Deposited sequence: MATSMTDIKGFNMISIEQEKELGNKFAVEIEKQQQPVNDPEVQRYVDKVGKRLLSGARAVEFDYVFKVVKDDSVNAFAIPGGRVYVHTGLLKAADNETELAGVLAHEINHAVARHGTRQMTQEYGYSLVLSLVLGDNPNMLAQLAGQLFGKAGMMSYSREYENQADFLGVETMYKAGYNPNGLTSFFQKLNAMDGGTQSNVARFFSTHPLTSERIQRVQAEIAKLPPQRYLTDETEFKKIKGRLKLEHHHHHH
């Protein structure tokens, strides 16, 4: 169960390599305004996180599927489809806060190390074509990085805290899920755990300025 973990510095390098490989199959958004907006919400959430140990980069990708995913080394990809599906900035932030916390807790590199072993992960770091196999399998359009129940719970727990500290209503993620119904599996357990975490916080009115969100969403539906 225990394993040798690569260093923060080594993971920065792993992320660099994954990023360039993953991006070969993506169509980027090259819209400074959309870029600026996602950067802002991401930066705001990071101010609420427990540890910011990477220079986080938020990349918006042209893809109608509803997804966001962190890769090793603090790089978070956000699909245009997610931005278009979100009803408000709070929903968007809820999804982003969960993914940021997978990065904060180093879940990607932990899961890869438990699955493949330290030697393989270290070899990715050093670049010993294996890196290309893994990019596709973990992070491509049919690719499932899949996190243990424990890591999902951690990302949920931290995401509620992150949202709260950043001044967003922590119900954002579950609200997004409800709207969607009207691989990060939203199980009975996760709903119960998230509701309990939210229940422990002081009741308060969450203030939002949806100006920028509505502008950006508007621009994306034009594409």
TODO: Walk along the deposited sequence from position 1 and note every stretch that has no C-alpha coordinates.
DONE: 1-8, 137-138, 193-206, 248-253
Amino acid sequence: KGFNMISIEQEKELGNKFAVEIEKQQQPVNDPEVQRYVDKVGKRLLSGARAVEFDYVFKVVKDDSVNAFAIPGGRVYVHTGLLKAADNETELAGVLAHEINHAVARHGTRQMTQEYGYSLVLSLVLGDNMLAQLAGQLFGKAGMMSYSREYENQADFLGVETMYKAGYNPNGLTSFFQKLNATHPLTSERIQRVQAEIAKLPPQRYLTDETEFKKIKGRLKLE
From here on, numbers count along this sequence of modelled residues.
Task: Entry-level comparison of average CA B-factors, 27-35 and 57-65, reporting the higher stretch - done: 27-35
Open item on the list: Highest mean C-alpha temperature factor of the two stretches 198-206 and 8-16, which is it?
Closed with: 198-206
TODO: Go through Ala142, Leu96, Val104, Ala86 one by one and give the residue whose Cα B-factor in the PDB entry is largest.
DONE: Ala142
- [ ] Please work out which residue in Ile100, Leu122, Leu92, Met130 has the highest C-alpha B-factor recorded for this crystal structure.
- [x] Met130
Open item on the list: By the recorded C-alpha temperature factor, relative to the other modelled residues in its chain, which third is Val41 in?
Closed with: middle
Open item on the list: Going by the CA temperature factor in the PDB record, which third of the chain does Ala51 belong to: lowest, middle or highest?
Closed with: lowest
Task: Position of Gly172 among the chain's modelled residues by C-alpha B-factor, lowest, middle or highest third - done: middle
TODO: Give the position of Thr80 by CA B-factor within its chain, expressed as the lowest, middle or highest third.
DONE: middle
Task: Chain-relative CA temperature factor third for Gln192 - done: middle
